[PDB]
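**Student:** Before I ask anything, here's the sequence and the deposited coordinates:
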Amino acid sequence: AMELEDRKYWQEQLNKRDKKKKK
Amino acid sequence: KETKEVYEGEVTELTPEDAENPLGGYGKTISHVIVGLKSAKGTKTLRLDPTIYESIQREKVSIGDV
């Protein structure tokens, strides 16, 4: 009921790193 | 007088993020659409509600140019 919020936030956080054009 | 909030820039890649369908189904069910952002003096990356699938049906500009 609440764990999905943390799961979504953390998966978005980890996907925001490689998608970032930093190199 | 009124104010509007707008996100704009250059999109590196225009591709929806597929996810498992919550209902028993098949194919591809989009949960979010990642949109690249690139502007002078400020640049980020964000995702949006897959409902924009109809919005992205007709733009005719480029592959995420502006």
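**Tutor:** Structure received. Residues are numbered from 1 along each chain as shown, chains lettered A, B, ... in the order given.

**Student:** List the contacts of the residue of chain B at minimum distance from chain A.
**Tutor:** As assessed by CB to the nearest CB, chain A sits closest to residue B:45 within chain B, at 5.5 Å. (Each C-beta comes from the backbone N, C-alpha and C, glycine too.) By CB atoms under 8 Å, 6 or more residues apart in numbering or on different chains, the contact set of residue B:45 is A:16, A:19, A:20, A:21, B:12, B:34, B:35, B:36, B:37.

**Student:** Excluding chain neighbours, what is closest to the last one?
**Tutor:** Which is residue B:37. Nearest residue to residue B:37 in three dimensions, chain neighbours excluded: residue B:9, at 3.8 Å (CB to CB, 6 or more residues apart in numbering or on different chains).

**Student:** What residues does the one you found make contact with?
**Tutor:** Contact analysis of residue B:9 by CB under 8 Å, 6+ apart lists B:36, B:37, B:38, B:39, B:43, B:44, B:66.

**Student:** for the first one, what are its contacts?
**Tutor:** Taking CB under 8 Å, 6+ apart as the definition of contact, the neighbours of residue B:36 are A:19, A:21, B:9, B:10, B:11, B:12, B:13, B:14, B:45, B:64.

**Student:** please redo it, this time with the cut-off set to 7 Å
**Tutor:** For residue B:36, the contact set (CB atoms under 7 Å, 6 or more residues apart in numbering or on different chains) comprises B:10, B:11, B:12, B:13, B:45, B:64.

**Student:** Convert the C-alpha atoms of the helix or strand encompassing residue A:8 to PDB, please.
**Tutor:** According to DSSP states H and E, residue A:8 maps onto helix A:3-18. The C-alpha trace of helix A:3-18 is given here as PDB (Å, rounded to 0.1, in the frame of the first residue of the first chain):
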ATOM      1  CA  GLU A   3       5.900   0.200  -0.500                       C
ATOM      2  CA  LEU A   4       5.100   0.900  -4.200                       C
ATOM      3  CA  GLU A   5       5.700   4.700  -3.700                       C
ATOM      4  CA  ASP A   6       9.200   4.000  -2.400                       C
ATOM      5  CA  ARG A   7       9.800   1.500  -5.200                       C
ATOM      6  CA  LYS A   8       8.700   3.900  -7.900                       C
ATOM      7  CA  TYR A   9      10.700   6.800  -6.400                       C
ATOM      8  CA  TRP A  10      13.900   4.700  -6.100                       C
ATOM      9  CA  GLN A  11      13.600   3.200  -9.600                       C
ATOM     10  CA  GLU A  12      13.000   6.700 -11.100                       C
ATOM     11  CA  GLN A  13      16.000   8.000  -9.100                       C
ATOM     12  CA  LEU A  14      18.300   5.200 -10.400                       C
ATOM     13  CA  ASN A  15      17.000   5.600 -13.900                       C
ATOM     14  CA  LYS A  16      17.700   9.300 -13.800                       C
ATOM     15  CA  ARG A  17      21.400   8.800 -13.500                       C
ATOM     16  CA  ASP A  18      22.300   6.800 -16.600                       C
END
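
**Student:** Fine by me, we can end here.
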